[PDB]
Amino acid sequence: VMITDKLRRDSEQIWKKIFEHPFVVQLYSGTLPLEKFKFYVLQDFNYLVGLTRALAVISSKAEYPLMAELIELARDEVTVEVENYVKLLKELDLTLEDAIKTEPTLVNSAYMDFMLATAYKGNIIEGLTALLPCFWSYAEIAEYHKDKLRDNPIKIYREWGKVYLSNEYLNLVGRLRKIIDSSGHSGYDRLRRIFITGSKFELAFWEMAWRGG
């Protein structure tokens, strides 16, 4: 049994809660009030930066060529993805400055600090595992609700969700999983706790997005 499948198995109860979270459900169904979505999208700036910080630390510690592959990903987050994000902000009548000036919630800061902290104290696999719930759950969620997406009345939501269903996104999850699954068999327990914590943060992030605070 591959490490990644084990992690998914041991965090099963939590992912079930992510899949059916009201924010997630309504976003994919199209019922989500645009304002709630805007609040979520503004909190995403901190998320994009945080993800980039943790990836920079992991790459700073990795062997070549992996460090090159990781740095490309970090670069894409604050480059290509920032452009897509600014483009999303436009559609919502918002600007990067609005995002930049948004105050991250405690959960937002906490989640990103958890990613950085794990990258700092842990080896390459531990750091990456702290980011897997993020990458993987976003793909699982869209797959889970794929049917509602086609029936979703809000063009902005359909465009947003289609990203996680794309082959490029899916290939990225595949790569991350592969790096982790091709590693040793020892220390699984540490990996399990890292993954679980990351999964709880995802659930908490969706919750704070819904509460608008």
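Numbering starts at 1 and follows the sequence shown.
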Higher mean Cα B-factor in the deposited model: 170-178 or 151-159? 151-159
Which of 82-90 and 108-116 has higher mean CA B factor, as the PDB entry lists it: 82-90
Between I100, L131, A139, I125, where does the Cα B-factor run highest in the record? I100
Modelled-residue ranking by C-alpha temperature factor, third containing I58: lowest
Select lowest, middle or highest to describe the third in which the CA B-factor of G187 falls within its chain in this entry. highest
Relative to the other modelled residues of the same chain, rank the CA B-factor of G50 and answer lowest, middle or highest third. lowest
Chain thirds of CA B-factor: placement of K6: middle
